[PDB]
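Structure file target10.tsv (TSV, C-alpha atoms (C1' of nucleotides)) is printed below.
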chain	number	residue	atom	x	y	z
P	159	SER	CA	7.78	14.29	13.44
P	160	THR	CA	11.13	15.18	15.03
P	161	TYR	CA	11.07	12.59	17.83
P	162	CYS	CA	9.88	9.60	15.79
P	163	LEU	CA	12.12	6.96	14.26
P	164	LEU	CA	11.16	7.96	10.69
P	165	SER	CA	12.63	11.47	10.93
P	166	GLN	CA	14.64	12.62	7.86
P	167	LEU	CA	14.97	9.10	6.45
P	168	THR	CA	15.57	8.47	2.76
P	169	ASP	CA	13.22	6.60	0.45
P	170	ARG	CA	15.47	3.52	0.47
P	171	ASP	CA	15.68	3.59	4.27
P	172	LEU	CA	11.90	3.97	4.53
P	173	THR	CA	11.38	1.13	2.05
P	174	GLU	CA	13.75	-1.15	3.99
P	175	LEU	CA	11.50	-0.60	7.04
P	176	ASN	CA	8.38	-1.46	4.95
P	177	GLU	CA	7.13	2.13	5.17
P	178	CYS	CA	5.67	4.16	2.33
P	179	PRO	CA	7.88	7.06	1.18
P	180	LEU	CA	4.72	8.92	0.10
P	181	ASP	CA	3.11	8.55	3.54
P	182	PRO	CA	2.66	12.10	4.92
P	183	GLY	CA	2.42	10.99	8.54
P	184	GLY	CA	0.67	13.41	10.84
P	185	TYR	CA	-1.11	10.68	12.81
P	186	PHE	CA	-0.63	8.73	16.01
P	187	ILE	CA	-0.71	4.95	16.35
P	188	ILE	CA	-2.87	4.06	19.37
P	189	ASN	CA	-3.29	0.30	19.97
P	190	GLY	CA	-2.43	-0.32	16.33
P	191	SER	CA	-5.11	2.07	15.06
P	192	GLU	CA	-4.17	5.23	13.18
P	193	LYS	CA	-5.66	8.23	14.99
P	194	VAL	CA	-5.79	11.78	13.62
P	195	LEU	CA	-6.50	14.96	15.59
P	196	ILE	CA	-8.97	17.38	13.99
P	197	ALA	CA	-8.28	21.07	14.53
P	198	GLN	CA	-11.03	22.74	16.55
P	199	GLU	CA	-12.30	26.26	15.94
P	200	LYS	CA	-12.56	28.58	18.92
P	201	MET	CA	-13.12	32.25	19.58
P	202	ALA	CA	-9.96	34.31	19.92
P	203	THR	CA	-9.07	34.83	23.56
P	204	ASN	CA	-8.00	38.24	24.94
P	205	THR	CA	-9.99	40.00	22.21
P	206	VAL	CA	-12.66	42.63	22.85
A	1	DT	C1'	-80.62	60.14	69.88
A	2	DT	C1'	-80.40	58.64	64.64
A	3	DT	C1'	-78.36	59.37	59.86
A	4	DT	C1'	-74.68	60.32	56.74
A	5	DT	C1'	-69.85	60.34	55.76
A	6	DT	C1'	-65.12	59.01	56.26
A	7	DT	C1'	-62.06	55.21	57.05
A	8	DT	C1'	-60.76	50.50	56.92
A	9	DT	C1'	-60.27	45.92	55.35
A	10	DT	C1'	-60.98	42.39	52.55
A	11	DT	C1'	-61.64	40.68	47.59
A	12	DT	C1'	-61.14	39.66	43.33
A	13	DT	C1'	-58.75	40.55	39.35
A	14	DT	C1'	-54.68	42.19	36.43
A	15	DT	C1'	-50.46	42.24	34.69
A	16	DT	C1'	-46.07	41.37	34.39
A	17	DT	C1'	-42.26	38.35	35.57
A	18	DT	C1'	-40.28	34.00	36.45
A	19	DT	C1'	-40.09	29.13	36.24
A	20	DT	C1'	-40.86	24.84	34.15
A	21	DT	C1'	-41.20	21.60	30.66
A	22	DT	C1'	-41.21	19.55	26.38
A	23	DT	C1'	-39.76	19.29	21.68
A	24	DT	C1'	-36.35	18.97	17.76
A	25	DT	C1'	-37.38	14.33	9.27
A	26	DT	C1'	-37.08	8.97	7.50
A	27	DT	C1'	-34.16	4.81	6.34
A	28	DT	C1'	-29.42	2.36	5.68
A	29	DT	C1'	-24.01	0.77	6.01
A	30	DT	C1'	-19.18	0.41	8.25
A	31	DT	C1'	-15.53	0.70	12.29
A	32	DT	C1'	-13.49	1.42	17.44
A	33	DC	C1'	-13.81	1.32	22.71
A	34	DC	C1'	-15.56	-0.23	26.95
A	35	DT	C1'	-18.68	-3.72	29.40
A	36	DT	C1'	-13.84	-0.36	36.74
A	37	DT	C1'	-10.96	1.39	40.58
A	38	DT	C1'	-8.62	3.02	44.35
A	39	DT	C1'	-9.70	2.40	49.52
A	40	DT	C1'	-10.44	0.05	53.52
A	41	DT	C1'	-10.82	-4.16	56.03
A	42	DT	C1'	-9.57	-9.03	56.59
A	43	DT	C1'	-6.65	-12.98	56.31
A	44	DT	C1'	-2.38	-15.24	55.62
A	45	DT	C1'	2.66	-15.19	55.89
A	46	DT	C1'	7.20	-14.30	57.69
A	47	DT	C1'	10.42	-13.05	61.13
A	48	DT	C1'	11.72	-12.56	65.91
A	49	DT	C1'	12.00	-13.76	70.90
A	50	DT	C1'	12.15	-16.58	75.29
As structure tokens, how would this structure be written, given the file I've shared?
Amino acid sequence: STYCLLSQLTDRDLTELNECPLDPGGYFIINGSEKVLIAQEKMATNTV
DNA sequence: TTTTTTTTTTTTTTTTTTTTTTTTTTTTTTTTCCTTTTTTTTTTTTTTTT
């Protein structure tokens, strides 16, 4: 994301940090476990 | 002065509504997270005074 340390880094800079350049991200790291948030459907508010 | 005839008062059912309650295939394999917590009372400690 914008506020993480891996923002707009090159492939060499990501490889020097032992991170995969093909890793899409999009997940949190909570207690060392990779957690992903599933989008939830809901009815559209303020609609008749 | 007694009999019929109207009124009353229960009596049992009816019918519809509401409430309640109980149920939701079989087996198997992996992770993850939690298995307290702030509040109030009690006890000890530290500083101050005569």
Original post:
Please, which residues of chain P lie no more than 12 Å from chain A when the count uses only C-alpha atoms (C1' of nucleotides), and can they be set out as a PyMOL selection string?
Top reply: chain P and resi 188-193
**OP:** Figure out the distance between atom CA of residue 179 of chain P and atom CA of residue 167 of chain P, please, to one decimal in Å.
**Re:** 9.1 Å
**OP:** Have a look at atom CA of residue 162 of chain P and atom CA of residue 196 of chain P and let me know their distance in Å, one decimal.
**Re:**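 Here the two named atoms are 20.5 Å from each other.
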**OP:** Would you list the contacts of residue 163 of chain P as an NGL selection string, taking every protein, DNA or RNA residue within 12 Å and counting all atoms listed in the file, but skipping same-chain residues closer than 3 positions in sequence?
**Re:** :P and (159-160 or 166-167 or 171-172 or 175 or 177 or 183)
Subject >> For atom CA of residue 198 of chain P and atom CA of residue 181 of chain P, the interatomic separation in Å (one decimal) >> reply: 23.9 Å
